[PDB]
Amino acid sequence: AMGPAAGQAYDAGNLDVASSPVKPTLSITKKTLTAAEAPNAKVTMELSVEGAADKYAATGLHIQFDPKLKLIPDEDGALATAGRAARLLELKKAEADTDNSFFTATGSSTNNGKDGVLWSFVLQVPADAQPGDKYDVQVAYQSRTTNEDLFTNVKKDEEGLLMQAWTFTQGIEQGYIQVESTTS
């Protein structure tokens, strides 16, 4: 399903975005919980990459979530952990942003990003969660001078610019945690 990042519209300028040779999809877990397990559930969520293996390296990705959810750092204090998609990338970091968002960044000397799970992280569902409740978890974009939102290759050539424009305008599959609705 084609869609943009949340937040501010990406400026693709005069690029013919739909001609992008590389068309990444970034997707976040769509998790359904039983009403029984939902309250206070600590849910493992994944940001994944498809369609970009061997074509990227430099990423800057802000993940934002329903303010009722809480980001749970792990036993080392890490906000997220890089997955198999990032296994060859030389630089990987996850860091605080706002009370309902965090920032991730990767880099490398060659385009050795892969498909698969880029980042894994844990969000906790509130104690009052009810059947039907849905909490969105999203990649968000805005224009920045530091911690830029990026998804591109080491040279940032035309192919890198096009794949980035594709990613943020059409290649985002947003996720959520939702509580199963009562069956009848």
# chains A, B, ... in the order shown; residues from 1 in each chain; ligands from 1
$ residues_around --residues "residue 65 of chain A" --least-positions-apart "2" --cutoff "12 Å" --atoms "only C-alpha atoms" --output "PyMOL selection string"
chain A and resi 6-7+28+45+62-63+67-71+97-102+121-125+134-140+174-177
$ residues_around --residues "residue 133 of chain A" --least-positions-apart "5" --cutoff "8 Å" --atoms "only C-alpha atoms" --output "VMD selection string"
chain A and resid 178 to 180
$ atom_distance --atom1 "atom CA of residue 132 of chain A" --atom2 "atom CA of residue 41 of chain A"
15.3 Å
$ select_by_dssp --residues "chain A" --states "strand (DSSP E or B)" --output "ChimeraX atom specification"
/A:3,6-7,25-28,30-33,42-50,58-65,70-71,81-82,91-98,101-107,116-124,134-141,150-152,171-173,175-179
$ closest_residue --among "A:15, A:52, A:35, A:85" --to "residue 171 of chain A" --atoms "only C-alpha atoms"
A:52
$ residues_around --residues "segment 54-56 of chain A" --least-positions-apart "2" --cutoff "12 Å" --atoms "only C-alpha atoms" --output "compact mmCIF listing (two decimals) with N, CA and C atoms, in the first residue's frame"
# COMPACT_ATOMS: atom_id res chain seq x y z
N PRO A 21 14.50 4.02 -9.64
CA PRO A 21 14.87 2.61 -9.84
C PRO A 21 14.74 1.80 -8.53
N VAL A 22 15.07 2.41 -7.39
CA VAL A 22 14.99 1.70 -6.10
C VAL A 22 13.78 2.29 -5.34
N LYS A 23 12.87 1.42 -4.94
CA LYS A 23 11.63 1.87 -4.27
C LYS A 23 11.51 1.13 -2.94
N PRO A 24 12.17 1.66 -1.90
CA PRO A 24 12.07 1.03 -0.58
C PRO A 24 10.69 1.09 0.07
N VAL A 49 12.76 -2.98 6.46
CA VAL A 49 13.09 -2.46 5.12
C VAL A 49 12.88 -3.59 4.11
N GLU A 50 12.24 -3.27 2.99
CA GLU A 50 12.08 -4.22 1.90
C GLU A 50 12.39 -3.47 0.63
N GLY A 51 13.01 -4.15 -0.33
CA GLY A 51 13.16 -3.58 -1.65
C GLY A 51 14.37 -2.68 -1.80
N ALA A 52 15.29 -2.68 -0.83
CA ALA A 52 16.44 -1.77 -0.89
C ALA A 52 17.80 -2.45 -0.66
N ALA A 58 22.88 5.36 4.33
CA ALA A 58 22.68 6.53 5.20
C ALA A 58 21.18 6.64 5.51
N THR A 59 20.80 6.50 6.78
CA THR A 59 19.38 6.64 7.17
C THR A 59 19.29 7.54 8.39
N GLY A 60 18.16 8.21 8.50
CA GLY A 60 17.86 9.04 9.68
C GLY A 60 16.35 8.91 9.76
N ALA A 85 18.72 -6.30 9.11
CA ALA A 85 18.87 -5.39 7.97
C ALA A 85 20.09 -4.46 8.10
N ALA A 86 20.46 -4.11 9.34
CA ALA A 86 21.57 -3.19 9.59
C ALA A 86 22.91 -3.88 9.93
N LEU A 88 25.48 -5.16 8.49
CA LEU A 88 26.73 -4.72 7.87
C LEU A 88 26.96 -3.22 7.95
N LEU A 89 25.94 -2.43 8.32
CA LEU A 89 26.14 -0.97 8.39
C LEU A 89 27.12 -0.64 9.49
N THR A 106 21.75 5.49 10.66
CA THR A 106 22.74 4.50 10.22
C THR A 106 23.62 5.17 9.18
N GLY A 107 24.80 4.60 9.01
CA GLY A 107 25.73 5.07 7.98
C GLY A 107 26.66 3.94 7.65
N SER A 108 27.40 4.07 6.55
CA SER A 108 28.38 3.07 6.17
C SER A 108 29.25 3.64 5.03
N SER A 109 30.34 2.95 4.74
CA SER A 109 31.28 3.42 3.70
C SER A 109 30.90 2.87 2.33
N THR A 110 30.04 1.85 2.29
CA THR A 110 29.50 1.29 1.04
C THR A 110 27.99 1.03 1.24
N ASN A 111 27.27 0.74 0.16
CA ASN A 111 25.84 0.53 0.24
C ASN A 111 25.53 -0.90 0.67
N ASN A 112 25.85 -1.21 1.92
CA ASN A 112 25.65 -2.55 2.42
C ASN A 112 24.49 -2.71 3.41
N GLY A 113 23.54 -1.78 3.40
CA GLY A 113 22.26 -2.06 4.03
C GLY A 113 21.54 -3.24 3.36
N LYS A 114 20.74 -3.96 4.14
CA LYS A 114 19.97 -5.11 3.67
C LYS A 114 18.47 -4.94 3.95
N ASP A 115 17.67 -5.86 3.43
CA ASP A 115 16.27 -5.91 3.76
C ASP A 115 16.12 -6.66 5.09
N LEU A 150 16.41 10.85 6.50
CA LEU A 150 17.18 10.43 5.33
C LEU A 150 16.96 8.95 5.06
N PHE A 151 16.99 8.58 3.79
CA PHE A 151 17.06 7.17 3.44
C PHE A 151 17.69 7.09 2.06
N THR A 152 19.00 6.86 2.02
CA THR A 152 19.75 7.20 0.80
C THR A 152 21.05 6.40 0.76
N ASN A 153 21.85 6.62 -0.28
CA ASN A 153 23.05 5.80 -0.51
C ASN A 153 24.33 6.57 -0.15
N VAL A 154 25.51 5.96 -0.23
CA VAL A 154 26.68 6.69 0.26
C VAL A 154 27.00 7.94 -0.57
N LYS A 155 26.77 7.90 -1.88
CA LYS A 155 27.14 9.07 -2.69
C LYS A 155 26.10 10.19 -2.73
N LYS A 156 24.87 9.87 -2.35
CA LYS A 156 23.71 10.75 -2.54
C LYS A 156 23.63 11.27 -3.96
N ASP A 157 23.73 10.36 -4.92
CA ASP A 157 23.55 10.70 -6.31
C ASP A 157 22.06 10.69 -6.66
N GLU A 159 20.19 8.45 -7.97
CA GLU A 159 19.54 7.23 -7.54
C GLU A 159 19.24 7.32 -6.03
N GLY A 160 20.16 7.89 -5.27
CA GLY A 160 19.99 8.03 -3.82
C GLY A 160 18.87 9.01 -3.54
N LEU A 161 18.84 10.12 -4.26
CA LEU A 161 17.77 11.15 -4.03
C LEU A 161 16.38 10.65 -4.36
N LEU A 162 16.30 9.88 -5.45
CA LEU A 162 15.03 9.33 -5.92
C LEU A 162 14.50 8.29 -4.95
N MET A 163 15.38 7.40 -4.47
CA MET A 163 14.93 6.37 -3.54
C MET A 163 14.48 7.03 -2.23
N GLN A 164 15.16 8.11 -1.81
CA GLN A 164 14.72 8.82 -0.60
C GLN A 164 13.34 9.47 -0.80
N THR A 167 10.80 6.87 -0.70
CA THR A 167 10.59 6.31 0.63
C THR A 167 9.61 7.16 1.45
$ closest_residue --among "A:129, A:105, A:172, A:165" --to "residue 37 of chain A" --atoms "only C-alpha atoms"
A:129
$ atom_distance --atom1 "atom CA of residue 72 of chain A" --atom2 "atom CA of residue 182 of chain A"
27.9 Å
$ decode --residues "segment 43-78 of chain A" --atoms "N, CA, C and O atoms" --output "PDB file, in the first residue's frame"
ATOM      1  N   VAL A  43       5.326  -4.577  24.311  1.00  0.00           N
ATOM      2  CA  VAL A  43       5.210  -5.141  22.982  1.00  0.00           C
ATOM      3  C   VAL A  43       6.496  -4.859  22.190  1.00  0.00           C
ATOM      4  O   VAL A  43       6.897  -3.698  22.028  1.00  0.00           O
ATOM      5  N   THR A  44       7.106  -5.912  21.655  1.00  0.00           N
ATOM      6  CA  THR A  44       8.227  -5.755  20.726  1.00  0.00           C
ATOM      7  C   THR A  44       7.741  -5.304  19.352  1.00  0.00           C
ATOM      8  O   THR A  44       6.921  -5.968  18.722  1.00  0.00           O
ATOM      9  N   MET A  45       8.240  -4.151  18.911  1.00  0.00           N
ATOM     10  CA  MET A  45       7.886  -3.581  17.611  1.00  0.00           C
ATOM     11  C   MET A  45       9.117  -3.551  16.713  1.00  0.00           C
ATOM     12  O   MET A  45      10.242  -3.438  17.212  1.00  0.00           O
ATOM     13  N   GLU A  46       8.903  -3.664  15.400  1.00  0.00           N
ATOM     14  CA  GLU A  46       9.989  -3.664  14.404  1.00  0.00           C
ATOM     15  C   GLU A  46       9.755  -2.667  13.283  1.00  0.00           C
ATOM     16  O   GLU A  46       8.659  -2.597  12.720  1.00  0.00           O
ATOM     17  N   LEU A  47      10.799  -1.907  12.960  1.00  0.00           N
ATOM     18  CA  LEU A  47      10.848  -1.159  11.723  1.00  0.00           C
ATOM     19  C   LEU A  47      11.640  -1.985  10.725  1.00  0.00           C
ATOM     20  O   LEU A  47      12.815  -2.297  10.953  1.00  0.00           O
ATOM     21  N   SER A  48      10.983  -2.355   9.623  1.00  0.00           N
ATOM     22  CA  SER A  48      11.611  -3.193   8.583  1.00  0.00           C
ATOM     23  C   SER A  48      11.807  -2.470   7.260  1.00  0.00           C
ATOM     24  O   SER A  48      11.103  -1.495   6.974  1.00  0.00           O
ATOM     25  N   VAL A  49      12.756  -2.979   6.463  1.00  0.00           N
ATOM     26  CA  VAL A  49      13.089  -2.464   5.125  1.00  0.00           C
ATOM     27  C   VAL A  49      12.876  -3.585   4.107  1.00  0.00           C
ATOM     28  O   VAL A  49      13.246  -4.728   4.353  1.00  0.00           O
ATOM     29  N   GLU A  50      12.241  -3.267   2.988  1.00  0.00           N
ATOM     30  CA  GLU A  50      12.085  -4.219   1.903  1.00  0.00           C
ATOM     31  C   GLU A  50      12.390  -3.472   0.632  1.00  0.00           C
ATOM     32  O   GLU A  50      12.131  -2.261   0.539  1.00  0.00           O
ATOM     33  N   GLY A  51      13.008  -4.152  -0.335  1.00  0.00           N
ATOM     34  CA  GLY A  51      13.163  -3.582  -1.653  1.00  0.00           C
ATOM     35  C   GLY A  51      14.368  -2.684  -1.805  1.00  0.00           C
ATOM     36  O   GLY A  51      14.477  -2.005  -2.819  1.00  0.00           O
ATOM     37  N   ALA A  52      15.289  -2.684  -0.826  1.00  0.00           N
ATOM     38  CA  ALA A  52      16.441  -1.773  -0.890  1.00  0.00           C
ATOM     39  C   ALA A  52      17.801  -2.455  -0.662  1.00  0.00           C
ATOM     40  O   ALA A  52      18.795  -1.754  -0.481  1.00  0.00           O
ATOM     41  N   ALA A  53      17.848  -3.796  -0.645  1.00  0.00           N
ATOM     42  CA  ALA A  53      19.084  -4.502  -0.285  1.00  0.00           C
ATOM     43  C   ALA A  53      20.203  -4.091  -1.223  1.00  0.00           C
ATOM     44  O   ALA A  53      19.993  -4.002  -2.424  1.00  0.00           O
ATOM     45  N   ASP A  54      21.380  -3.828  -0.654  1.00  0.00           N
ATOM     46  CA  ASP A  54      22.579  -3.388  -1.372  1.00  0.00           C
ATOM     47  C   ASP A  54      22.463  -2.043  -2.063  1.00  0.00           C
ATOM     48  O   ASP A  54      23.303  -1.696  -2.885  1.00  0.00           O
ATOM     49  N   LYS A  55      21.448  -1.257  -1.700  1.00  0.00           N
ATOM     50  CA  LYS A  55      21.245   0.047  -2.375  1.00  0.00           C
ATOM     51  C   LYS A  55      21.298   1.263  -1.458  1.00  0.00           C
ATOM     52  O   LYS A  55      21.190   2.412  -1.925  1.00  0.00           O
ATOM     53  N   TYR A  56      21.401   1.034  -0.162  1.00  0.00           N
ATOM     54  CA  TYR A  56      21.397   2.151   0.774  1.00  0.00           C
ATOM     55  C   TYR A  56      22.423   1.976   1.873  1.00  0.00           C
ATOM     56  O   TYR A  56      22.994   0.878   2.050  1.00  0.00           O
ATOM     57  N   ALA A  57      22.644   3.064   2.619  1.00  0.00           N
ATOM     58  CA  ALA A  57      23.492   3.048   3.815  1.00  0.00           C
ATOM     59  C   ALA A  57      23.109   4.137   4.824  1.00  0.00           C
ATOM     60  O   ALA A  57      23.144   3.878   6.030  1.00  0.00           O
ATOM     61  N   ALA A  58      22.876   5.359   4.331  1.00  0.00           N
ATOM     62  CA  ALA A  58      22.683   6.526   5.203  1.00  0.00           C
ATOM     63  C   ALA A  58      21.185   6.641   5.506  1.00  0.00           C
ATOM     64  O   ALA A  58      20.393   6.848   4.583  1.00  0.00           O
ATOM     65  N   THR A  59      20.798   6.498   6.777  1.00  0.00           N
ATOM     66  CA  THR A  59      19.380   6.639   7.172  1.00  0.00           C
ATOM     67  C   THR A  59      19.289   7.544   8.391  1.00  0.00           C
ATOM     68  O   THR A  59      20.245   7.662   9.197  1.00  0.00           O
ATOM     69  N   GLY A  60      18.157   8.213   8.501  1.00  0.00           N
ATOM     70  CA  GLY A  60      17.859   9.036   9.684  1.00  0.00           C
ATOM     71  C   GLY A  60      16.351   8.906   9.761  1.00  0.00           C
ATOM     72  O   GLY A  60      15.632   9.351   8.845  1.00  0.00           O
ATOM     73  N   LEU A  61      15.861   8.233  10.794  1.00  0.00           N
ATOM     74  CA  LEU A  61      14.438   7.886  10.825  1.00  0.00           C
ATOM     75  C   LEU A  61      13.853   8.166  12.183  1.00  0.00           C
ATOM     76  O   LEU A  61      14.325   7.607  13.187  1.00  0.00           O
ATOM     77  N   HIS A  62      12.849   9.049  12.220  1.00  0.00           N
ATOM     78  CA  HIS A  62      12.178   9.365  13.470  1.00  0.00           C
ATOM     79  C   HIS A  62      10.941   8.500  13.594  1.00  0.00           C
ATOM     80  O   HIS A  62      10.118   8.434  12.684  1.00  0.00           O
ATOM     81  N   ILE A  63      10.802   7.832  14.730  1.00  0.00           N
ATOM     82  CA  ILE A  63       9.628   7.011  14.942  1.00  0.00           C
ATOM     83  C   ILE A  63       8.816   7.696  16.029  1.00  0.00           C
ATOM     84  O   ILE A  63       9.352   8.025  17.081  1.00  0.00           O
ATOM     85  N   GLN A  64       7.539   7.929  15.761  1.00  0.00           N
ATOM     86  CA  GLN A  64       6.690   8.560  16.771  1.00  0.00           C
ATOM     87  C   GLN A  64       5.511   7.635  17.050  1.00  0.00           C
ATOM     88  O   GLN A  64       5.135   6.836  16.181  1.00  0.00           O
ATOM     89  N   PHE A  65       4.952   7.741  18.249  1.00  0.00           N
ATOM     90  CA  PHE A  65       3.868   6.834  18.638  1.00  0.00           C
ATOM     91  C   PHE A  65       2.822   7.557  19.504  1.00  0.00           C
ATOM     92  O   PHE A  65       3.082   8.603  20.105  1.00  0.00           O
ATOM     93  N   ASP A  66       1.644   6.967  19.553  1.00  0.00           N
ATOM     94  CA  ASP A  66       0.551   7.452  20.411  1.00  0.00           C
ATOM     95  C   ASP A  66       1.128   7.792  21.791  1.00  0.00           C
ATOM     96  O   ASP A  66       1.736   6.931  22.423  1.00  0.00           O
ATOM     97  N   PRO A  67       0.936   9.044  22.276  1.00  0.00           N
ATOM     98  CA  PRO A  67       1.487   9.483  23.563  1.00  0.00           C
ATOM     99  C   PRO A  67       1.010   8.632  24.765  1.00  0.00           C
ATOM    100  O   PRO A  67       1.605   8.673  25.815  1.00  0.00           O
ATOM    101  N   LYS A  68      -0.035   7.836  24.596  1.00  0.00           N
ATOM    102  CA  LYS A  68      -0.445   6.928  25.670  1.00  0.00           C
ATOM    103  C   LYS A  68       0.477   5.724  25.819  1.00  0.00           C
ATOM    104  O   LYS A  68       0.415   5.010  26.837  1.00  0.00           O
ATOM    105  N   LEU A  69       1.269   5.445  24.784  1.00  0.00           N
ATOM    106  CA  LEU A  69       2.241   4.325  24.844  1.00  0.00           C
ATOM    107  C   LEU A  69       3.508   4.831  25.481  1.00  0.00           C
ATOM    108  O   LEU A  69       3.775   6.022  25.435  1.00  0.00           O
ATOM    109  N   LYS A  70       4.288   3.939  26.078  1.00  0.00           N
ATOM    110  CA  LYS A  70       5.560   4.321  26.684  1.00  0.00           C
ATOM    111  C   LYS A  70       6.692   3.495  26.082  1.00  0.00           C
ATOM    112  O   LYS A  70       6.576   2.268  26.022  1.00  0.00           O
ATOM    113  N   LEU A  71       7.761   4.160  25.665  1.00  0.00           N
ATOM    114  CA  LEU A  71       8.976   3.492  25.154  1.00  0.00           C
ATOM    115  C   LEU A  71       9.770   2.916  26.316  1.00  0.00           C
ATOM    116  O   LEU A  71      10.168   3.644  27.228  1.00  0.00           O
ATOM    117  N   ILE A  72      10.020   1.618  26.258  1.00  0.00           N
ATOM    118  CA  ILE A  72      10.717   0.923  27.329  1.00  0.00           C
ATOM    119  C   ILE A  72      12.204   0.615  26.981  1.00  0.00           C
ATOM    120  O   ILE A  72      12.460  -0.263  26.176  1.00  0.00           O
ATOM    121  N   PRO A  73      13.166   1.349  27.584  1.00  0.00           N
ATOM    122  CA  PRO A  73      14.566   1.071  27.253  1.00  0.00           C
ATOM    123  C   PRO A  73      14.905  -0.323  27.760  1.00  0.00           C
ATOM    124  O   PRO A  73      14.271  -0.778  28.733  1.00  0.00           O
ATOM    125  N   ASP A  74      15.867  -1.004  27.133  1.00  0.00           N
ATOM    126  CA  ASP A  74      16.195  -2.357  27.601  1.00  0.00           C
ATOM    127  C   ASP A  74      17.104  -2.317  28.816  1.00  0.00           C
ATOM    128  O   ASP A  74      17.349  -1.252  29.380  1.00  0.00           O
ATOM    129  N   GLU A  75      17.592  -3.484  29.221  1.00  0.00           N
ATOM    130  CA  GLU A  75      18.361  -3.616  30.454  1.00  0.00           C
ATOM    131  C   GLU A  75      19.704  -2.873  30.363  1.00  0.00           C
ATOM    132  O   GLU A  75      20.300  -2.565  31.389  1.00  0.00           O
ATOM    133  N   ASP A  76      20.161  -2.571  29.138  1.00  0.00           N
ATOM    134  CA  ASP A  76      21.373  -1.758  28.931  1.00  0.00           C
ATOM    135  C   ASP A  76      21.072  -0.275  28.817  1.00  0.00           C
ATOM    136  O   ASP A  76      22.003   0.530  28.689  1.00  0.00           O
ATOM    137  N   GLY A  77      19.789   0.094  28.821  1.00  0.00           N
ATOM    138  CA  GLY A  77      19.390   1.498  28.645  1.00  0.00           C
ATOM    139  C   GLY A  77      19.183   1.876  27.173  1.00  0.00           C
ATOM    140  O   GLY A  77      18.879   3.038  26.866  1.00  0.00           O
ATOM    141  N   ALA A  78      19.348   0.907  26.261  1.00  0.00           N
ATOM    142  CA  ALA A  78      19.151   1.144  24.816  1.00  0.00           C
ATOM    143  C   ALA A  78      17.674   1.349  24.467  1.00  0.00           C
ATOM    144  O   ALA A  78      16.790   0.570  24.923  1.00  0.00           O
TER     145      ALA A  78
END
